[PDB]
Amino acid sequence: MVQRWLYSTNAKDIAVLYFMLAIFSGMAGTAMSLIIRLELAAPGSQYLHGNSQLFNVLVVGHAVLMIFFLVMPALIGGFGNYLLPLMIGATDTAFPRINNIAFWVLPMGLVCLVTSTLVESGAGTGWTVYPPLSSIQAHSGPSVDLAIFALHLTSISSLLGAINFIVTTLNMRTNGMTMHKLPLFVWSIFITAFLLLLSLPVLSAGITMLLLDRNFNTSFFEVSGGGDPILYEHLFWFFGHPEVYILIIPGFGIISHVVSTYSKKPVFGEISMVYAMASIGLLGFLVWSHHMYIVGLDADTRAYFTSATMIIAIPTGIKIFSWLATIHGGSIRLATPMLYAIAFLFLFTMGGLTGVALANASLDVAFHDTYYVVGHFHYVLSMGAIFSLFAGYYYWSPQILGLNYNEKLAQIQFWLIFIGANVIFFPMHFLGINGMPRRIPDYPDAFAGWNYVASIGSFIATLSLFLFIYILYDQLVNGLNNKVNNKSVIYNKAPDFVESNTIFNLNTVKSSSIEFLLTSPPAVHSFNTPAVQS
Amino acid sequence: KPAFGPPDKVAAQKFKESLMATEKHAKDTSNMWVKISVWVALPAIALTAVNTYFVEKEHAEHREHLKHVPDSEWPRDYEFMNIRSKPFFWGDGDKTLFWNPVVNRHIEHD
Amino acid sequence: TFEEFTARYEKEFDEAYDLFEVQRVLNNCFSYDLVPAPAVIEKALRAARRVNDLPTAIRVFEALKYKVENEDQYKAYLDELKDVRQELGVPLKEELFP
Amino acid sequence: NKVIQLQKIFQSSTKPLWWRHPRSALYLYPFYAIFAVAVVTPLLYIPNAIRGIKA
Amino acid sequence: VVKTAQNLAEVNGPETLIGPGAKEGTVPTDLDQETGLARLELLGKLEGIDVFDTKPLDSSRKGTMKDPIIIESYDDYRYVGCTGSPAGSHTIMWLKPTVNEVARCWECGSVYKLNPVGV
Amino acid sequence: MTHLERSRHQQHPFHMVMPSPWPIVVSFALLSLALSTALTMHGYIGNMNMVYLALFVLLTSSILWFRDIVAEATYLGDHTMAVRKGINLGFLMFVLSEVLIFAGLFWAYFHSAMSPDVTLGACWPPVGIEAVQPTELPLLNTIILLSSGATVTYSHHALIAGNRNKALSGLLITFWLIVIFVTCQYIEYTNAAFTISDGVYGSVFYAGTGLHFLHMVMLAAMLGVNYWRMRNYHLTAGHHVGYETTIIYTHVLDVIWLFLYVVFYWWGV
Amino acid sequence: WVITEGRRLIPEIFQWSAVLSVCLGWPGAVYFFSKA
Ligand code: HEA
Ligand code: HEA
Ligand SMILES: [Ca+2]
Ligand SMILES: [Cu+2]
Ligand SMILES: [Zn+2]
């Protein structure tokens, strides 16, 4: 009905809408990656005739669709909207009517982005829209103007969503849930919302400065007029480095919850975990210019930014070890979410070691703007944030939807995506150390070796995505039959050693959150009488 | 059936007296700010408005003197003075939102 | 301490009024890092007889066999517990062949 | 003032909140007429801009 | 015909809560122009009553099968969180006491029987 | 209270709002504004009659959103004590974001001021710009804004005290003392020698004060809806959230002006 | 403790060296099989 979906006020329906928009944009953005790989498979322009445009435009579309339209609406708008009220114990959000406008301004941004792509110019500027190239003299069409308007819409959506989560967490908790006793996912969402609140306005200021400079004649970054194109870099990256932490902090809560349910032992040192999670968010505001090492800064500020960025590894490492200490003694259940979590623990540590290798300003003069950095951030994004998204889906979907998903057909998808992504993103570090630059459509012949191998691996991941789509179809259709036959696994916690099969069937869920105690699917009005803790 | 327990009767007379205490504190502190307004704010505005009024008329005669004689033409513009990368869309090609033809000219020295 | 540990589960097992509590206490006794003393195990056997559950008494040694970690120490527990086990009637898993 | 008699009207109305006040018909009907022109006219110029003809 | 409640016991839903409006030339008070759930809360404050319950559940006892801890709810179920007799002894285990069923707290052993007052 | 009566009421203090069409109507009005503005900037329409239409629909829809909020707080009465704390907390988190927008504008000023560019003069302000004189006219605005914070304070406490002639008079002076700020700022803009197109100096100058100028016009509108609601007996003596958020807004907006008076006027000449 | 730990530890180091050599050393196979 129109009223239920066009006039939505229920938070769960808004979460479903966020999910539904994320998959469509996810499929749209992962086909541009396929075309990019097909264009980079061999030297020479093979598929796109000679157009260097429509290559940069495709890269911009891919990056924006993957970041601002898949991970943001799924981790924050999809999981955050559906699960934070339930684990806290609130019936819905504090501002239920702006929660709808936090979503409905996203489809308008898609229209602005598509119509920007369809205008004769296009926006071939990168996701970092630097002023002098995206000025009015070099990009003379209305294309990047429409691209900027999409960023404003996403920013306003994220800001209004972030204000909602801070007030919801602070004064809508149940009768026993002191701020000291919270689930870790809620803590991650809280810290992420606080980072967004303090980081978005600076991006808005810089982006509006760029718009006014292109159309209102303000020497904001115009060289002829005293403007500085490097001020834009400061303004943008002040939102940029903290941003790489909005996309991973809610990814930490998912892993924290997954590894302590299929390993039947609670997390080792939770208070240190929340301390480390807050320290990464707080201290990420002091390291933004490591993205600006070679721009010509002073020698002494480079030393400061080199010393401050390595401190990031102290709390981060604490999270890596404390994850390896909560699985040491317990009993391990190797299911699909556990396989995703175990893969995450390895691939994210492989990404972080390369990251600390990049943190030294004296060495970054050899690894900047190469495929080395691409290989780096594709480990923490395509293997660090995507994997926790798959793990979260396989973790909560049977509880949310009420439909099981044929385990053995999902482990095949896991192995395919594992060995497909490792093929794409491991050879990149070899291309980067020989000096292969970024953002080029065609490369010298000597680089043709690992590029072919990486192009072969993209088809494996695309096949895994197609298999995942089929898994979705087989879950929605005849998914009620999956828990009748022996295709799926019903219980996420096996009985203990001295626990009989007839006593496990009176205490089925031994969980530390309200999420798994609710009916499947959860009711529209979940909490009439408030729940009591401790 | 009683639902709630026996009335506290101690939270009451501590909630009903704070309201009386609150309105009493707002009653006299309001009188303090009225005294500040009349005896500080009002004289301050009167002593700066009469000063601004006199200086403003001194500027006004200067502004109308500009129109009388172009004479030696308007001062030349530095390389950063008038920026016309893309003409304005609202009306003519080169006029900003607030334009005072008396003081803003934009003459082109070709 | 170990003696404090043994003397406090010797009291927990003596107060277990159902089959849910007996299987809850024994899951706590074997959840600790230390392997329990043979005095502890004897009281656990008495509890199973009190709540009338043969299969939990069988799982006591099965829990011990994986817990004791030594092939001779399992025999050490075996020898001292011969009298109580034979008197009760608990069969080992290998003898039972299930 | 009128708040008491306005309270009795808004409550016990069984109508959408923007239709409860008796004077609401004056705002809503002219709004949807102007609103339609506002969100449909810019959509007509999209194909004209894709071709490149400037009006 | 209908008069404002003037007390928490005379409340008969919403119509009684409505109040007498402020006289012309005076600043309205809350006892004059409150109308709904905000007024019902205000009526409770004037007495020694909190209309919304925020008290956690007791840790005084353990609670056995023959002496369960009674949890009072307006529905056919509720959610309770156990941490032990000294609050915080173990990790929280969420339970769902319902009508015709009691939660057992596999870690600690506490028992809860729902008390269904309502409807 | 009987057990039967208590079950005929909410068991929680939070407010459940009915489905509404304004979150999406505003969303569609923001696309028309975004899509019409992108066209008129480069032609493709011909005149700026569609931009005005988009702004009118954007404003009118927002008015009908606020029209619903006052109805459910004054006639249906869904703002319990817990709901009132969230609204105050939400506004405090909204003014912090507003401050950080200004913090990005002070950063843009200090970047070109501490080390002035070479295409400019070696100095700051650039060569040939007649900057606004801090003592003649802006000083009148400084005294006016401070006096606004003193007359809204006793208007707030007079409302608590219980007399409506002093409360109503405090807002009336407050509104007209803010309009004088807007008209006096209008006079200076139309009498200034330099424009927004005058290099980098005009960009940072008119972006800091211009953003404040656009915020003062929205302050007068907020003050105007509190005079209608006070005159028609909406605001009570112990429950006025639409007025508390207005007093915080005008006090915060005076601190921002004092900061803009020290660095853009005094320190920049 | 030397007798018990030996039966389990030392075989795993050999299995350890195999898997890690696969995840990290796979591109060596492609280069040798036919760098061509
Ligand atoms: C989720 C996304 C994400 C995450 C989590 C990170 C995490 C880190 N990143 Fe970065 N990064 C990006 C996304 C991310 N990054 C993106 C997208 C870019 C490119 C943007 C662009 O230019 O287009 C980028 C670019 C980037 C640069 C700029 C490179 C350049 O442009 O030249 C630098 C510089 O130092 C950097 C460093 C780090 C460091 C030190 C961490 C640390 O957080 C990592 C810490 C991890 C570890 C320390 C390993 C785990 C810990 C242990 C195993 C314990 C033991 C550790 C020790 C003993 C040290 N990455
Ligand atoms: C979330 C962010 C994200 C994701 C998922 C990806 C995924 C992929 N990307 Fe990358 N990429 C970026 C962010 C991302 N990328 C950014 C920011 C840049 C920089 C752009 C610039 O330089 O301006 C970039 C640039 C970039 C380049 C370099 C372009 C250049 O510098 O010129 C290449 C080269 O091959 C590439 C390829 C791929 C491939 C083959 C995949 C995938 O095939 C990898 C496998 C992953 C999937 C197939 C997705 C599976 C999941 C879903 C589809 C969602 C549904 C699932 C759930 C809801 C659980 N993208
Ligand atoms: Ca090619
Ligand atoms: Cu960074
Ligand atoms: Zn317990």
# chains A, B, ... in the order shown; residues from 1 in each chain; ligands from 1
>>> residues_around(residues="stretch 12-28 of chain G", least_positions_apart="4", cutoff="8 Å", atoms="only C-alpha atoms", output="PDB file with C-alpha atoms, in the first residue's frame")
ATOM      1  CA  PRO A 427      48.780  -8.981  -7.293  1.00  0.00           C
TER       2      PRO A 427
ATOM      3  CA  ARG G   8      50.190 -32.975  18.618  1.00  0.00           C
ATOM      4  CA  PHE G  32      56.646 -20.501 -13.628  1.00  0.00           C
TER       5      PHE G  32
END
>>> residues_near_ligand(ligand="ligand 5", cutoff="12 Å", atoms="only C-alpha atoms and all ligand atoms", output="ChimeraX atom specification")
/A:510-512,533-534 /C:24 /E:58-59,61-64,69,80-95,103-112
>>> write_last_selection(atoms="C-alpha atoms", output="compact mmCIF listing (two decimals), in the first residue's frame")
# COMPACT_ATOMS: atom_id res chain seq x y z
CA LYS A 510 21.45 -18.65 25.31
CA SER A 511 22.13 -15.15 24.00
CA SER A 512 23.36 -11.90 25.53
CA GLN A 533 17.97 -5.88 33.22
CA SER A 534 20.11 -6.86 36.22
CA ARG C 24 24.17 -27.35 35.18
CA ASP E 58 15.91 -7.48 42.19
CA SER E 59 19.17 -9.33 42.78
CA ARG E 61 17.77 -13.74 46.06
CA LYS E 62 18.73 -16.49 43.64
CA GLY E 63 15.27 -17.96 43.05
CA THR E 64 14.55 -21.68 42.86
CA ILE E 69 11.13 -14.43 41.44
CA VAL E 80 14.38 -10.24 31.99
CA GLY E 81 18.15 -10.06 32.25
CA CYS E 82 20.03 -12.12 34.84
CA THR E 83 23.53 -11.41 36.13
CA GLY E 84 23.59 -13.25 39.47
CA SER E 85 22.72 -12.80 43.11
CA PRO E 86 25.43 -10.16 43.58
CA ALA E 87 24.59 -8.08 40.52
CA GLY E 88 27.29 -8.68 37.93
CA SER E 89 28.52 -12.08 39.13
CA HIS E 90 28.32 -13.59 35.62
CA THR E 91 27.52 -12.54 32.07
CA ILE E 92 23.98 -11.41 31.30
CA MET E 93 21.61 -14.06 29.94
CA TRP E 94 18.40 -12.75 28.41
CA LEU E 95 15.25 -14.69 29.31
CA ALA E 103 12.80 -19.28 32.57
CA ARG E 104 15.63 -21.22 34.18
CA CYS E 105 18.90 -19.31 33.54
CA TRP E 106 21.11 -22.22 32.46
CA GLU E 107 24.16 -20.40 33.84
CA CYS E 108 22.97 -19.49 37.35
CA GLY E 109 19.68 -21.34 37.85
CA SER E 110 17.20 -18.60 38.77
CA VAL E 111 13.50 -19.17 38.07
CA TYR E 112 10.93 -16.52 37.10
>>> interface_residues(of="chain A", to="chain D", cutoff="7 Å", atoms="only C-alpha atoms", output="mmCIF file with N, CA and C atoms, in the first residue's frame")
data_model
loop_
_atom_site.group_PDB
_atom_site.id
_atom_site.type_symbol
_atom_site.label_atom_id
_atom_site.label_comp_id
_atom_site.auth_asym_id
_atom_site.auth_seq_id
_atom_site.Cartn_x
_atom_site.Cartn_y
_atom_site.Cartn_z
ATOM 1 N N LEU A 118 24.446 11.235 -17.684
ATOM 2 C CA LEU A 118 23.858 11.254 -19.019
ATOM 3 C C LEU A 118 24.076 12.566 -19.764
ATOM 4 N N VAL A 119 24.492 13.634 -19.082
ATOM 5 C CA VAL A 119 24.811 14.878 -19.770
ATOM 6 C C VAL A 119 26.130 14.706 -20.520
ATOM 7 N N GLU A 120 26.263 15.420 -21.644
ATOM 8 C CA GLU A 120 27.294 15.109 -22.633
ATOM 9 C C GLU A 120 28.701 15.149 -22.049
#
>>> residues_around(residues="residue F:136", least_positions_apart="6", cutoff="9 Å", atoms="only C-alpha atoms", output="ChimeraX atom specification")
/B:51-52,55-56
>>> write_last_selection(atoms="C-alpha atoms", output="PDB file, in the first residue's frame")
ATOM      1  CA  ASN B  51      27.395  59.090  16.852  1.00  0.00           C
ATOM      2  CA  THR B  52      26.610  56.766  13.936  1.00  0.00           C
ATOM      3  CA  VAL B  55      29.240  59.913  10.735  1.00  0.00           C
ATOM      4  CA  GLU B  56      26.754  58.340   8.309  1.00  0.00           C
TER       5      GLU B  56
END
>>> residues_near_ligand(ligand="ligand 3", cutoff="9 Å", atoms="only C-alpha atoms and all ligand atoms", output="PyMOL selection string")
chain A and resi 37-49+441-443
>>> residues_near_ligand(ligand="ligand 2", cutoff="7 Å", atoms="only C-alpha atoms and all ligand atoms", output="MDAnalysis selection string")
chainID A and resid 22:23 26:27 30 33:34 36:37 59:60 62:63 66:67 70:71 74 126:128 374 378 381:382 386 389:390 393 421 424 438:441 458 461:462 465
>>> write_last_selection(atoms="N, CA, C and O atoms", output="compact mmCIF listing (two decimals), in the first residue's frame")
# COMPACT_ATOMS: atom_id res chain seq x y z
N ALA A 22 20.16 -0.67 -1.13
CA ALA A 22 21.59 -1.00 -1.10
C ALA A 22 21.95 -2.08 -2.11
O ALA A 22 23.00 -2.01 -2.75
N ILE A 23 21.09 -3.09 -2.28
CA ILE A 23 21.40 -4.19 -3.19
C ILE A 23 21.35 -3.72 -4.64
O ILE A 23 22.21 -4.08 -5.45
N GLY A 26 24.28 -1.78 -5.19
CA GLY A 26 25.42 -2.68 -5.15
C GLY A 26 25.64 -3.41 -6.46
O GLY A 26 26.77 -3.54 -6.93
N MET A 27 24.55 -3.91 -7.06
CA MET A 27 24.67 -4.54 -8.37
C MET A 27 25.03 -3.54 -9.45
O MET A 27 25.80 -3.86 -10.36
N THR A 30 28.85 -2.72 -9.07
CA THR A 30 29.77 -3.83 -9.30
C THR A 30 29.80 -4.29 -10.75
O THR A 30 30.54 -5.21 -11.07
N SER A 33 32.76 -2.01 -12.15
CA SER A 33 34.03 -2.67 -11.84
C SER A 33 34.34 -3.76 -12.85
O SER A 33 35.50 -3.94 -13.24
N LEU A 34 33.32 -4.50 -13.27
CA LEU A 34 33.51 -5.52 -14.30
C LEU A 34 33.98 -4.90 -15.61
O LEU A 34 34.91 -5.42 -16.25
N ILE A 36 35.55 -2.04 -15.93
CA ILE A 36 36.90 -1.53 -15.70
C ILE A 36 37.92 -2.66 -15.84
O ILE A 36 38.95 -2.51 -16.51
N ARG A 37 37.63 -3.81 -15.22
CA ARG A 37 38.55 -4.94 -15.33
C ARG A 37 38.66 -5.42 -16.77
O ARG A 37 39.75 -5.80 -17.22
N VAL A 59 34.60 5.12 -13.16
CA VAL A 59 35.31 4.96 -11.88
C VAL A 59 34.64 5.79 -10.79
O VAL A 59 34.45 5.32 -9.66
N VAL A 60 34.26 7.03 -11.11
CA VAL A 60 33.58 7.88 -10.14
C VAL A 60 32.25 7.26 -9.73
O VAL A 60 31.91 7.19 -8.54
N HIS A 62 31.39 4.11 -9.86
CA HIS A 62 31.66 2.90 -9.08
C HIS A 62 32.00 3.25 -7.64
O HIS A 62 31.42 2.68 -6.71
N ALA A 63 32.92 4.19 -7.44
CA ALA A 63 33.32 4.55 -6.08
C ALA A 63 32.16 5.12 -5.29
O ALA A 63 31.94 4.74 -4.13
N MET A 66 29.54 2.43 -4.50
CA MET A 66 29.99 1.45 -3.51
C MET A 66 30.06 2.04 -2.11
O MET A 66 29.71 1.37 -1.14
N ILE A 67 30.51 3.29 -1.99
CA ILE A 67 30.70 3.87 -0.66
C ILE A 67 29.41 4.49 -0.14
O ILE A 67 28.88 4.07 0.89
N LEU A 70 26.06 1.82 -0.94
CA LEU A 70 26.00 0.44 -0.48
C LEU A 70 26.35 0.32 1.00
O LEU A 70 25.53 -0.16 1.79
N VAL A 71 27.55 0.75 1.40
CA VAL A 71 28.00 0.49 2.76
C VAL A 71 27.29 1.41 3.75
O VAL A 71 26.84 0.97 4.81
N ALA A 74 23.60 0.29 4.24
CA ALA A 74 23.45 -1.07 4.75
C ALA A 74 23.95 -1.22 6.18
O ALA A 74 23.24 -1.76 7.03
N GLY A 126 37.16 11.88 -10.33
CA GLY A 126 37.44 11.07 -9.16
C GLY A 126 36.45 11.34 -8.05
O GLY A 126 35.69 12.31 -8.06
N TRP A 127 36.44 10.44 -7.06
CA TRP A 127 35.55 10.65 -5.92
C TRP A 127 36.03 11.80 -5.04
O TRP A 127 35.22 12.42 -4.35
N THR A 128 37.33 12.09 -5.07
CA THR A 128 37.88 13.31 -4.48
C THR A 128 37.82 14.38 -5.57
O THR A 128 38.66 14.42 -6.47
N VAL A 374 45.86 1.14 -3.75
CA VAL A 374 44.61 0.49 -4.15
C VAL A 374 44.51 -0.89 -3.52
O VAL A 374 43.48 -1.25 -2.94
N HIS A 378 41.66 -1.84 -0.71
CA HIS A 378 40.73 -2.90 -1.10
C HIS A 378 40.75 -4.10 -0.16
O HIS A 378 39.86 -4.95 -0.26
N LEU A 381 38.34 -2.48 2.76
CA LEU A 381 37.02 -2.14 2.24
C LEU A 381 36.32 -3.34 1.61
O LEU A 381 35.21 -3.70 2.02
N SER A 382 36.94 -3.97 0.61
CA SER A 382 36.33 -5.09 -0.08
C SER A 382 36.51 -6.41 0.66
O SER A 382 35.81 -7.38 0.33
N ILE A 386 33.04 -5.46 3.47
CA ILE A 386 32.11 -6.32 2.74
C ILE A 386 31.92 -7.64 3.47
O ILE A 386 30.80 -8.16 3.55
N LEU A 389 29.68 -7.37 6.32
CA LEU A 389 28.33 -7.20 5.81
C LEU A 389 27.70 -8.53 5.43
O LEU A 389 26.53 -8.78 5.74
N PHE A 390 28.47 -9.40 4.76
CA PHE A 390 27.99 -10.75 4.48
C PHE A 390 27.78 -11.54 5.76
O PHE A 390 26.78 -12.25 5.92
N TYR A 393 24.61 -10.34 7.44
CA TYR A 393 23.42 -10.83 6.76
C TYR A 393 23.17 -12.29 7.12
O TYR A 393 22.07 -12.65 7.56
N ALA A 421 38.39 -12.74 -4.64
CA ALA A 421 38.91 -11.46 -4.18
C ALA A 421 40.40 -11.52 -3.90
O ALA A 421 41.12 -10.55 -4.19
N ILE A 424 42.11 -10.97 -7.16
CA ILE A 424 42.07 -9.61 -7.69
C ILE A 424 43.05 -8.71 -6.93
O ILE A 424 43.79 -7.93 -7.54
N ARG A 438 47.78 5.22 -10.50
CA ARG A 438 46.34 5.04 -10.38
C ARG A 438 45.61 5.78 -11.49
O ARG A 438 46.17 6.63 -12.18
N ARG A 439 44.32 5.46 -11.62
CA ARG A 439 43.38 6.23 -12.44
C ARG A 439 43.87 6.39 -13.88
O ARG A 439 43.83 7.49 -14.44
N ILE A 440 44.32 5.30 -14.48
CA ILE A 440 44.68 5.30 -15.89
C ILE A 440 43.89 4.19 -16.58
O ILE A 440 43.60 3.16 -15.96
N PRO A 441 43.51 4.37 -17.85
CA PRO A 441 42.75 3.32 -18.55
C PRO A 441 43.63 2.33 -19.28
O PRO A 441 43.19 1.22 -19.61
N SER A 458 38.06 -11.28 -11.29
CA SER A 458 36.83 -10.51 -11.15
C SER A 458 35.61 -11.32 -11.56
O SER A 458 34.53 -11.17 -10.97
N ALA A 461 34.35 -13.47 -8.61
CA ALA A 461 33.56 -12.72 -7.63
C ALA A 461 32.20 -12.35 -8.19
O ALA A 461 31.20 -12.34 -7.47
N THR A 462 32.13 -12.02 -9.49
CA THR A 462 30.83 -11.73 -10.10
C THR A 462 29.94 -12.97 -10.11
O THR A 462 28.73 -12.87 -9.87
N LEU A 465 28.57 -13.32 -6.71
CA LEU A 465 27.46 -12.40 -6.49
C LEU A 465 26.17 -12.90 -7.15
O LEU A 465 25.08 -12.77 -6.58
>>> closest_atom_pairs(of="chain C", to="chain A", cutoff="12 Å", atoms="only C-alpha atoms", output="tab-separated table")
residue	atom	partner	partner_atom	distance
C:18	CA	A:503	CA	11.8
C:19	CA	A:503	CA	9.1
C:20	CA	A:503	CA	7.3
C:21	CA	A:499	CA	10.7
C:22	CA	A:498	CA	9.5
C:23	CA	A:498	CA	6.0
C:24	CA	A:499	CA	7.9
C:25	CA	A:498	CA	9.7
C:26	CA	A:498	CA	7.2
C:27	CA	A:498	CA	6.1
C:28	CA	A:498	CA	9.9
C:29	CA	A:498	CA	10.9
C:30	CA	A:498	CA	9.4
C:31	CA	A:330	CA	9.8
C:32	CA	A:329	CA	10.6
C:33	CA	A:329	CA	9.5
C:48	CA	A:498	CA	11.9
C:53	CA	A:500	CA	10.7
C:54	CA	A:500	CA	11.8
C:55	CA	A:500	CA	8.9
C:56	CA	A:498	CA	6.9
C:57	CA	A:498	CA	9.7
C:58	CA	A:498	CA	10.1
C:59	CA	A:498	CA	6.8
C:60	CA	A:498	CA	8.1
C:61	CA	A:498	CA	11.0
C:62	CA	A:497	CA	9.4
C:63	CA	A:497	CA	7.6
C:64	CA	A:497	CA	11.3
C:66	CA	A:497	CA	10.8
C:67	CA	A:497	CA	11.6
>>> residues_near_ligand(ligand="ligand 4", cutoff="9 Å", atoms="only C-alpha atoms and all ligand atoms", output="list in words")
residues 237, 240, 241, 242, 243, 244, 245, 284, 287, 288, 289, 290, 291 and 309 of chain A
>>> write_last_selection(atoms="C-alpha atoms", output="PDB file, in the first residue's frame")
ATOM      1  CA  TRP A 237      40.253  15.145   4.096  1.00  0.00           C
ATOM      2  CA  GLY A 240      38.097  11.985   4.625  1.00  0.00           C
ATOM      3  CA  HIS A 241      40.402  10.189   7.120  1.00  0.00           C
ATOM      4  CA  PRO A 242      37.728  10.133   9.897  1.00  0.00           C
ATOM      5  CA  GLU A 243      35.427   8.672   7.157  1.00  0.00           C
ATOM      6  CA  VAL A 244      37.571   5.501   6.649  1.00  0.00           C
ATOM      7  CA  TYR A 245      36.558   4.837  10.277  1.00  0.00           C
ATOM      8  CA  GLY A 284      41.537   9.605  13.855  1.00  0.00           C
ATOM      9  CA  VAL A 287      45.646  12.238  11.463  1.00  0.00           C
ATOM     10  CA  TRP A 288      44.236  13.589   8.212  1.00  0.00           C
ATOM     11  CA  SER A 289      47.230  14.941   6.281  1.00  0.00           C
ATOM     12  CA  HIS A 290      49.026  11.616   5.762  1.00  0.00           C
ATOM     13  CA  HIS A 291      46.852  11.732   2.564  1.00  0.00           C
ATOM     14  CA  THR A 309      49.262   7.869  12.742  1.00  0.00           C
TER      15      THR A 309
END
>>> residues_near_ligand(ligand="ligand 1", cutoff="6 Å", atoms="only C-alpha atoms and all ligand atoms", output="NGL selection string")
:A and (244-245 or 247-248 or 290-291 or 309-310 or 312-313 or 316-317 or 320 or 349 or 352-353 or 355-356 or 358-359 or 364 or 368 or 373 or 377 or 380-381)
>>> interface_residues(of="chain A", to="chain E", cutoff="12 Å", atoms="only C-alpha atoms", output="PyMOL selection string")
chain A and resi 86-87+89+172-178+180-183+265-268+270+495-496+499+503-504+506-519+526-534
>>> closest_atom_pairs(of="chain C", to="chain G", cutoff="10 Å", atoms="only C-alpha atoms", output="JSON lines")
{"residue": "C:69", "atom": "CA", "partner": "G:4", "partner_atom": "CA", "distance": 8.5}
{"residue": "C:70", "atom": "CA", "partner": "G:4", "partner_atom": "CA", "distance": 8.0}
{"residue": "C:71", "atom": "CA", "partner": "G:4", "partner_atom": "CA", "distance": 9.8}
>>> interface_residues(of="chain B", to="chain A", cutoff="8 Å", atoms="only C-alpha atoms", output="MDAnalysis selection string")
chainID B and resid 79:81 83:86 88
>>> closest_atom_pairs(of="chain E", to="chain F", cutoff="8 Å", atoms="only C-alpha atoms", output="JSON lines")
{"residue": "E:8", "atom": "CA", "partner": "F:1", "partner_atom": "CA", "distance": 6.5}
{"residue": "E:9", "atom": "CA", "partner": "F:1", "partner_atom": "CA", "distance": 5.0}
{"residue": "E:11", "atom": "CA", "partner": "F:1", "partner_atom": "CA", "distance": 7.9}
{"residue": "E:12", "atom": "CA", "partner": "F:5", "partner_atom": "CA", "distance": 7.2}
{"residue": "E:13", "atom": "CA", "partner": "F:8", "partner_atom": "CA", "distance": 7.0}
{"residue": "E:22", "atom": "CA", "partner": "F:233", "partner_atom": "CA", "distance": 7.7}
{"residue": "E:25", "atom": "CA", "partner": "F:164", "partner_atom": "CA", "distance": 7.1}
{"residue": "E:26", "atom": "CA", "partner": "F:164", "partner_atom": "CA", "distance": 6.2}
{"residue": "E:27", "atom": "CA", "partner": "F:162", "partner_atom": "CA", "distance": 5.4}
{"residue": "E:28", "atom": "CA", "partner": "F:236", "partner_atom": "CA", "distance": 4.8}
{"residue": "E:29", "atom": "CA", "partner": "F:237", "partner_atom": "CA", "distance": 5.1}
{"residue": "E:30", "atom": "CA", "partner": "F:238", "partner_atom": "CA", "distance": 6.3}
{"residue": "E:33", "atom": "CA", "partner": "F:236", "partner_atom": "CA", "distance": 7.4}
{"residue": "E:34", "atom": "CA", "partner": "F:77", "partner_atom": "CA", "distance": 6.9}
{"residue": "E:35", "atom": "CA", "partner": "F:77", "partner_atom": "CA", "distance": 5.5}
{"residue": "E:36", "atom": "CA", "partner": "F:77", "partner_atom": "CA", "distance": 4.9}
{"residue": "E:37", "atom": "CA", "partner": "F:78", "partner_atom": "CA", "distance": 6.1}
{"residue": "E:38", "atom": "CA", "partner": "F:80", "partner_atom": "CA", "distance": 4.3}
{"residue": "E:39", "atom": "CA", "partner": "F:77", "partner_atom": "CA", "distance": 7.9}
{"residue": "E:41", "atom": "CA", "partner": "F:80", "partner_atom": "CA", "distance": 7.2}
{"residue": "E:52", "atom": "CA", "partner": "F:12", "partner_atom": "CA", "distance": 6.5}
{"residue": "E:74", "atom": "CA", "partner": "F:7", "partner_atom": "CA", "distance": 7.4}
{"residue": "E:117", "atom": "CA", "partner": "F:3", "partner_atom": "CA", "distance": 7.3}
{"residue": "E:118", "atom": "CA", "partner": "F:7", "partner_atom": "CA", "distance": 6.3}
{"residue": "E:119", "atom": "CA", "partner": "F:4", "partner_atom": "CA", "distance": 6.5}
>>> select_by_dssp(residues="chain D", states="alpha helix (DSSP H)", output="number ranges by chain")
D: 3-10, 25-51
